[PDB]
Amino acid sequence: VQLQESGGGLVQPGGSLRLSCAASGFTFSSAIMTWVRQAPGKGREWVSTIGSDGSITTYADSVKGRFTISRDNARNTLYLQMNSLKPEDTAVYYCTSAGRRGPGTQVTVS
């Protein structure tokens, strides 16, 4: 199990971003996948979960409507699409599975 997030950056409020999680070392297509974020000075916050076949998706209320979780099983990649970004989405986002995570990708919305 290895995981690598990318896609973060500095974006303006109301902006938009696509995060990516490339996964290796296990059969991604069989794995429940989850995004968590860690805002500065706050507790870790669950963002969104996606069942292995990608038809079940769940979201935090704080992102319901703006964020979209998605996966491309053929390419061992997980996605988070983020619209109407706001300053309180400033966080490190972590792709996570079976108690493992990647190094994270920071998102800064000034």
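Residue numbers here begin at 1 and follow the sequence given. We call the rigid core whatever largest set of C-alpha positions still superposes within 1.5 Å between the two forms.
Review point. Relative to this form, superposed by the core, which stretch has the greater CA RMS in 5 other deposited structures of this protein: 71-79 or 39-47?
Key: Greater root mean square C-alpha distance in 5 other deposited structures of this protein: 39-47.
Practice item. Could you tell me which third, lowest, middle or highest, the C-alpha B-factor of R66 occupies within its chain? Key: As the PDB entry reports it, the C-alpha B-factor of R66 lands in the lowest third of its chain.
Practice item. Could you tell me which third, lowest, middle or highest, the C-alpha B-factor of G104 occupies within its chain? Key: As the PDB entry reports it, the C-alpha B-factor of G104 lands in the middle third of its chain.
**Study point:** Where the record places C95 (Cα B-factor, split into thirds across the chain)
**Key:** Middle third by C-alpha B-factor.
Point to revise | CA B-factor ranking of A74, expressed as a third of its chain | key: Highest third.
Exercise for review: Within this chain's modelled residues, let me know which third the CA B factor of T27 belongs to: lowest, middle or highest.
Suggested key: Highest third, going by the recorded CA B-factors of the chain.
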